Each structure stands twice: as C-alpha cells, then as structure tokens.
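*Asks:* can you look at this? It's an experimental structure, sequence on top.
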Amino acid sequence: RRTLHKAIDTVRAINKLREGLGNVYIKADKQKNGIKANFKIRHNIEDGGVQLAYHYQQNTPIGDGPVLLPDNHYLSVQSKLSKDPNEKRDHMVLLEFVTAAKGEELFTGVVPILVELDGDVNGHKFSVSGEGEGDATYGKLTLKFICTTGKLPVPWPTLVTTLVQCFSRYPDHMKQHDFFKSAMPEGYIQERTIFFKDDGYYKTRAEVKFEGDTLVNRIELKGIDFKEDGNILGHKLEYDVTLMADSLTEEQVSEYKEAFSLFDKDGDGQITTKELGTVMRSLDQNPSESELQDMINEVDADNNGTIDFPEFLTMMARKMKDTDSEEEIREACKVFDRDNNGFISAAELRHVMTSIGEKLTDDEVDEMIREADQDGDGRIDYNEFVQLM
Ligand SMILES: [Ca+2]
Ligand SMILES: [Ca+2]
Ligand SMILES: [Ca+2]
Ligand SMILES: [Ca+2]
C-alpha cells in the first residue's frame, strides 16, 4: 500500500551527503616519507553476490625533494566503465570523478595521461596501454585502456584501482594534504597488495612521474594463487557501469524520484544549495551555505553546482554494506522520534511529512501509523520502523 519510503528516502539522502561519500582512507607513513591506504571494493558477481577485493597501499616519493605529509583524510571516486562501440580489441573506457575531504602548479589545467601495465597472473602474462587526460581542478579523468596482448585474462573492473591519485581534486582549503602532486615531477612509487576473498591476490609496484607534458603511470602486476575457474580468471563478474555502486528495483527508483522532488520544489530537475537547505531547515538542522556547497560538491560530477536525479540515484545506490543499509535507516529514527521518547507518534509522523513538503489528511497519518504498527499501540517503534525496510 504505502510509501513513507519517500519521507525516509528524503531523510536518508540528507544523512548520506552529511556523513559524506568517500571510500578510500589515506593515513601518512612518516617513516617511508609518504602515505599508506586501506580500502575494500565489492565487485558484483553474475548469479548473485559480491567478490570482495581488500586493498593495501603504500606510496613513497621517488625524488630527493620536499613532499607534503597529510593528516588522515578520504578520497571519493565515482567510476563509469564503458565500451567504445568502434573498438574491437579487448578494451575498457574509464571516466572518473575524484575529490578529497610547488608541484600543485603542474595539475592546474589539463594534463594528458599514458598508462602501461605488465601482468603475470598464474603465469598468464598480458599488457594494457592507457591514453587520456586528467583535469585535477574539477577532479575528472578520461582514459581508454586496450589489452595489447589479446584477451585480458582478468576482468577489467579488477584492474581499475591498479591502472593516478595526483588527479584527485584537493579543495584549496585542504591543498596542504595533497601528497601526490607534491611528489611530482620526480614522481612517487605506488605499491599495493589486492586480496580477492576466497581467491588469489594481485601484487602491484607502479611508478607515477612526468615524462615531459604527460603524467605517466607504469605498473608491474603479479597475480598469485588464483582459482583457475574462480571469479577472476573464470570471468564471473558483471562489467557494471560503476565499480563500487549497485542497482535498484523499479519500486526504489520511483520512491527515490519522489524524495528527489521534495528537495527540487521548483521542478527544474535540479536540487540547488537553497533547495537542499530548506528541507534540512524543515527537519530542525540549520547547515551553513559553505556546508551545503561541500555537500553538493560530493555528488556534483558535471560541476554545474546542482544535484540532478542521476547524481542523486548514484549517491542513493552506493554500494550495500557501505557501513550497513540498517545502521543508516536506524540513523533515520532520530529525525522522526522528535520527542526522543523511543517511539515515533502519529503527531511526530505528521510534523515531519508536513516539514518535508507532503500535504496529507489526518486520515492518512493514521493509515501510515496502522500500516507500520506490528504491535498494536498506534505508535511506530525503532524496530517497527526499520522493519518497513
Ligand atoms: Ca530546482
Ligand atoms: Ca550536477
Ligand atoms: Ca516520540
Ligand atoms: Ca508499535
């Protein structure tokens, strides 16, 4: 019958922009005079499930020169994997939008990118070449990769992380922490272990430095102890437009559009800083304009200063156990149980719906309460609430 979903999906959309969308944690490695980093990637498998890829990373400077040593922060990447319809070689088209929350001078403007990788995965050797450009200023990368040794023995999505964090847009306010540009042009060495759960592991040594106009990324990859018809060598992973981002049912994309339109009250198909701010205000939270722009900048890939529904879907569809799709809907309870008594009342349920921009009769408040209320009491409890997933 009922979609309170739009109300919850509305609150949900606010907690995600606030909590913030960044998936790659960067700690400094004083000792090795560079950076360390750990992160998961959840590759979707055809016929159900996700193939976990545990990432371990250390980058150290090549150059003798000085180098910036950061406080703990996050990088957020959104990826968009494609095929070139004309291209008939094994290839991948990557588009990336990457942001964080002396060598800087080199990344102002549009630098072209060469990428070159040598793999040995259970003695299945292969090479990949990369052409394209990076605009660090807007955090955008374009790249086309080609397997120059025939058919790639591993799925392209598993090579994405291995195939240039010096293109991450570090906002001016944080320019102090951009280790990767600071390292250039001498460059940096980026070493990783990538552990594929219940399967083998990649071992990468890459060096990232300028050769003239172009930022070059050169990679030896060794792939050890892989199950030979497991998910990697056995090619069992959905290509997926995104790395690290999921699908949604017809029922979810509808409710999400409905929630989107509670922010986008003018119907221009765009949420502005003011549009977002009114809704937040409505639910007794008064963010600053500066926070509102930071919040939008998170999902504003095309740098037009507004969230369109596509940008909103991508945020709402972030992976599955980002932390837990539960922890998140438990975090919604707070907003709805305004008195804090441990229950969301018909009164409270009204107050919210009203605030967010739902017109409703008092016979419809009552319907939602009964629709949600397993225990008979005329109140939704935090379990009753998360139950109505
Ligand atoms: Ca609008
Ligand atoms: Ca936009
Ligand atoms: Ca209450
Ligand atoms: Ca109840």
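*Replies:* Arrived safely. Numbering: from 1, shown residues only. Ligands and ions are numbered 1, 2, ... in the order given.
*Asks:* so residue 107 sits against residue 141, correct?
*Replies:* No: the pair residue 107 / residue 141 is not scored as a contact, 11.9 Å apart, by Cβ atoms under 8 Å. Using the backbone N, CA and C atoms, a C-beta is placed for each residue, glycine as well.
*Asks:* and for these two, which residues touch both?
*Replies:* Common neighbours of residue 107 and residue 141 are listed as 134, 167 (criterion: Cβ atoms under 8 Å, 6 or more residues apart in numbering).
*Asks:* can you map out the strands along the stretch 201-350 of the chain?
*Replies:* 201-211, 214-224, 270-271, 307-308, 343-345 (DSSP state E, counting those that start in this stretch).
*Asks:* need those in JSON lines (columns: mean neighbour count).
*Replies:* Shown next, in JSON lines, are the strands of the stretch 201-350 of the chain (neighbours: other Cβ atoms under 10 Å):
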{"stretch": "strand 201-211", "mean neighbour count": "18"}
{"stretch": "strand 214-224", "mean neighbour count": "18"}
{"stretch": "strand 270-271", "mean neighbour count": "23"}
{"stretch": "strand 307-308", "mean neighbour count": "23"}
{"stretch": "strand 343-345", "mean neighbour count": "20"}
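*Asks:* out of these, which is closest to ligand 3?
*Replies:* strand 343-345 (5.0 Å; Cβ to the ion).
*Asks:* find the closest residue to ligand 4 in the stretch 101-250 of the chain.
*Replies:* Counting by Cβ to the ion, the stretch 101-250 of the chain gets nearest ligand 4 through residue 249, at 27.0 Å.
*Asks:* neighbours of that residue, how many?
*Replies:* Residue 249 has 8 neighbours, counted by other Cβ atoms under 10 Å.
*Asks:* what's the answer for residue 115, then?
*Replies:* 23.
*Asks:* contact partners for the residue nearest to it when sequence neighbours are not counted?
*Replies:* Spatial nearest neighbour of residue 115, excluding adjacent residues (Cβ to Cβ, 6 or more residues apart in numbering): residue 130 at 2.6 Å. For residue 130, the contact set (Cβ under 8 Å, 6+ apart) comprises 113-117, 143-145, 163, 217.
*Asks:* could you rerun that using 10 Å?
*Replies:* 92, 94, 113-117, 143-146, 163-164, 216-217, 219 (Cβ atoms under 10 Å, 6 or more residues apart in numbering).
*Asks:* look up phi and psi at the residue of the stretch 101-250 of the chain closest to ligand 4.
*Replies:* Main-chain dihedrals, residue 249, degrees, to the nearest 10: phi -70, psi 170.
*Asks:* just use 837 as the starting number from now, easier for me
*Replies:* Yes, from this point I'll number from 837; that puts the last item at residue 1085.
*Asks:* return the distance of it relative to residue 879.
*Replies:* 21 Å (Cβ to Cβ, to the nearest Å).
*Asks:* cool, residue 1152 as well?
*Replies:* 20 Å.
*Asks:* still on that earlier bit, nearest to ligand 3, of the contacts of residue 966?
*Replies:* Nearest to ligand 3 among the contacts of residue 966, counting by Cβ to the ion, is residue 930 at 48.0 Å.
*Asks:* what residues sit buried inside the helix or strand harbouring residue 851?
*Replies:* Using DSSP states H and E, the element containing residue 851 is helix 841-855. Within helix 841-855, the residues that qualify as buried are 841-850, 852-853, counting by 16 or more other Cβ atoms under 10 Å.
*Asks:* returning to that earlier point: ok, and which of the contacts of residue 966 reach ligand 4?
*Replies:* Applying Cβ under 5 Å from the ion, the subset of the contacts of residue 966 adjacent to ligand 4 is empty.
*Asks:* may I ask which two of those are separated the most?
*Replies:* Pairwise distances among those were taken by Cβ to Cβ; the largest, 18.7 Å, belongs to 928 and 1052.
*Asks:* how about the contacts made by the residue in the stretch 887-1036 of the chain that ligand 1 sits nearest to?
*Replies:* Nearest residue of the stretch 887-1036 of the chain to ligand 1: residue 933, at 21.6 Å (Cβ to the ion). By Cβ under 10 Å, 6+ apart, the contact list for residue 933 reads 912-916, 974-977, 1005, 1135-1139, 1147, 1150.
*Asks:* could you check how far it is from residue 1125?
*Replies:* 23 Å.
*Asks:* setting aside sequence neighbours, what's the nearest residue to the residue in the stretch 1037-1186 of the chain that ligand 4 sits nearest to?
*Replies:* Nearest to ligand 4 in the stretch 1037-1186 of the chain, going by Cβ to the ion, is residue 1179, at a distance of 7.1 Å. Leaving out its chain neighbours, the residue that sits closest to residue 1179 by Cβ to Cβ, 6+ apart is residue 1215, at 4.2 Å.
*Asks:* for residue 1217, same thing?
*Replies:* residue 1179 (5.7 Å).
*Asks:* residue 1196 versus that neighbour, what's the distance?
*Replies:* For residue 1179, the distance to residue 1196 - Cβ to Cβ - is 20 Å.
*Asks:* same deal with residue 915?
*Replies:* From residue 915 to residue 1196 the distance is 40 Å (Cβ to Cβ).
*Asks:* looking at those two, which is more packed in?
*Replies:* residue 915 (19 against 13).
*Asks:* the more buried one contacts residue 978, doesn't it?
*Replies:* No: Residue 915 lies out of contact with residue 978 (Cβ atoms under 10 Å); the separation is 11.9 Å.
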